[PDB]
$ cat entry_26.cif   # mmCIF, C-alpha atoms; chains and numbers go by the auth columns
data_protein
loop_
_atom_site.group_PDB
_atom_site.id
_atom_site.type_symbol
_atom_site.label_atom_id
_atom_site.label_comp_id
_atom_site.label_asym_id
_atom_site.label_seq_id
_atom_site.Cartn_x
_atom_site.Cartn_y
_atom_site.Cartn_z
_atom_site.B_iso_or_equiv
_atom_site.auth_seq_id
_atom_site.auth_asym_id
ATOM 1 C CA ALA A 1 34.617 18.990 -31.052 0.00 1 A
ATOM 2 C CA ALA A 2 37.357 21.628 -31.254 0.00 2 A
ATOM 3 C CA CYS A 3 37.282 23.789 -34.384 0.00 3 A
ATOM 4 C CA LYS A 4 39.312 26.486 -36.144 0.00 4 A
ATOM 5 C CA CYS A 5 37.966 30.032 -35.750 0.00 5 A
ATOM 6 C CA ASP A 6 38.568 33.513 -37.162 0.00 6 A
ATOM 7 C CA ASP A 7 35.928 35.744 -35.483 0.00 7 A
ATOM 8 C CA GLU A 8 36.464 35.438 -31.715 0.00 8 A
ATOM 9 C CA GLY A 9 33.680 37.872 -30.751 0.00 9 A
ATOM 10 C CA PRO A 10 35.341 41.185 -29.732 0.00 10 A
ATOM 11 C CA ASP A 11 38.953 40.058 -30.335 0.00 11 A
ATOM 12 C CA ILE A 12 38.332 38.541 -33.752 0.00 12 A
ATOM 13 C CA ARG A 13 41.631 37.233 -35.204 0.00 13 A
ATOM 14 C CA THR A 14 43.588 36.174 -32.127 0.00 14 A
ATOM 15 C CA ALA A 15 43.192 32.523 -30.999 0.00 15 A
ATOM 16 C CA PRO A 16 42.483 30.133 -33.914 0.00 16 A
ATOM 17 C CA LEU A 17 41.447 26.729 -32.470 0.00 17 A
ATOM 18 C CA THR A 18 38.710 27.832 -30.062 0.00 18 A
ATOM 19 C CA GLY A 19 35.223 27.231 -31.508 0.00 19 A
ATOM 20 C CA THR A 20 33.121 24.118 -30.966 0.00 20 A
ATOM 21 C CA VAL A 21 31.320 22.282 -33.798 0.00 21 A
ATOM 22 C CA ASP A 22 27.654 23.235 -33.360 0.00 22 A
ATOM 23 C CA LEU A 23 24.654 22.407 -35.581 0.00 23 A
ATOM 24 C CA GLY A 24 23.565 25.057 -38.107 0.00 24 A
ATOM 25 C CA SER A 25 23.002 28.088 -35.871 0.00 25 A
ATOM 26 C CA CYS A 26 24.200 29.111 -32.387 0.00 26 A
ATOM 27 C CA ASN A 27 22.348 30.329 -29.291 0.00 27 A
ATOM 28 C CA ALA A 28 22.976 33.846 -27.961 0.00 28 A
ATOM 29 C CA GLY A 29 26.237 33.705 -26.015 0.00 29 A
ATOM 30 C CA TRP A 30 27.942 31.360 -28.525 0.00 30 A
ATOM 31 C CA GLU A 31 29.623 33.801 -30.916 0.00 31 A
ATOM 32 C CA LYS A 32 29.849 32.571 -34.521 0.00 32 A
ATOM 33 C CA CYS A 33 33.619 32.455 -34.987 0.00 33 A
ATOM 34 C CA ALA A 34 33.438 30.285 -38.089 0.00 34 A
ATOM 35 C CA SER A 35 29.816 30.939 -39.067 0.00 35 A
ATOM 36 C CA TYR A 36 29.826 27.957 -41.464 0.00 36 A
ATOM 37 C CA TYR A 37 32.300 25.057 -41.350 0.00 37 A
ATOM 38 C CA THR A 38 30.900 21.889 -43.010 0.00 38 A
ATOM 39 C CA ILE A 39 27.596 20.517 -44.429 0.00 39 A
ATOM 40 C CA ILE A 40 25.151 21.663 -41.678 0.00 40 A
ATOM 41 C CA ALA A 41 27.778 22.467 -39.015 0.00 41 A
ATOM 42 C CA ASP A 42 29.165 25.769 -37.725 0.00 42 A
ATOM 43 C CA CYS A 43 31.760 26.860 -35.118 0.00 43 A
ATOM 44 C CA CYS A 44 31.110 29.076 -32.099 0.00 44 A
ATOM 45 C CA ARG A 45 33.025 30.347 -29.060 0.00 45 A
ATOM 46 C CA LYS A 46 31.267 31.311 -25.797 0.00 46 A
ATOM 47 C CA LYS A 47 31.304 35.130 -25.513 0.00 47 A
ATOM 48 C CA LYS A 48 35.024 35.543 -26.348 0.00 48 A
#
$ encode --input "entry_26.cif" --output "structure tokens"
Amino acid sequence: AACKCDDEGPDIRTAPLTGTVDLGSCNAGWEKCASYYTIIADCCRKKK
């Protein structure tokens, strides 16, 4: 699911709705763009 993000890897505050709703913590490659979102869910964008 598509999620609102603030920290798009290198180019941090550019493109808001980017991140995907991931569970807790992200694998290397998936850059924590909204590190925490809800309950036990976080939002990451792949490399960008």
$ resolve_selection --input "entry_26.cif" --expression "the PyMOL selection byres ((chain A and resi 15) around 12)" --output "PDB file with C-alpha atoms, in the frame of the given file"
ATOM      1  CA  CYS A   3      37.282  23.789 -34.384  1.00  0.00           C
ATOM      2  CA  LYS A   4      39.312  26.486 -36.144  1.00  0.00           C
ATOM      3  CA  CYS A   5      37.966  30.032 -35.750  1.00  0.00           C
ATOM      4  CA  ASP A   6      38.568  33.513 -37.162  1.00  0.00           C
ATOM      5  CA  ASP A   7      35.928  35.744 -35.483  1.00  0.00           C
ATOM      6  CA  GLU A   8      36.464  35.438 -31.715  1.00  0.00           C
ATOM      7  CA  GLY A   9      33.680  37.872 -30.751  1.00  0.00           C
ATOM      8  CA  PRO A  10      35.341  41.185 -29.732  1.00  0.00           C
ATOM      9  CA  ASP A  11      38.953  40.058 -30.335  1.00  0.00           C
ATOM     10  CA  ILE A  12      38.332  38.541 -33.752  1.00  0.00           C
ATOM     11  CA  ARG A  13      41.631  37.233 -35.204  1.00  0.00           C
ATOM     12  CA  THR A  14      43.588  36.174 -32.127  1.00  0.00           C
ATOM     13  CA  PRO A  16      42.483  30.133 -33.914  1.00  0.00           C
ATOM     14  CA  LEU A  17      41.447  26.729 -32.470  1.00  0.00           C
ATOM     15  CA  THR A  18      38.710  27.832 -30.062  1.00  0.00           C
ATOM     16  CA  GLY A  19      35.223  27.231 -31.508  1.00  0.00           C
ATOM     17  CA  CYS A  33      33.619  32.455 -34.987  1.00  0.00           C
ATOM     18  CA  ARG A  45      33.025  30.347 -29.060  1.00  0.00           C
ATOM     19  CA  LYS A  48      35.024  35.543 -26.348  1.00  0.00           C
TER      20      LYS A  48
END
$ resolve_selection --input "entry_26.cif" --expression "the PyMOL selection byres ((chain A and resi 47) around 6)" --output "list in words"
residues 29, 30, 31, 46 and 48 of chain A
$ resolve_selection --input "entry_26.cif" --expression "the PyMOL selection byres ((chain A and resi 20-26) around 6)" --output "ChimeraX atom specification"
/A:1-3,19,27,30,40-44
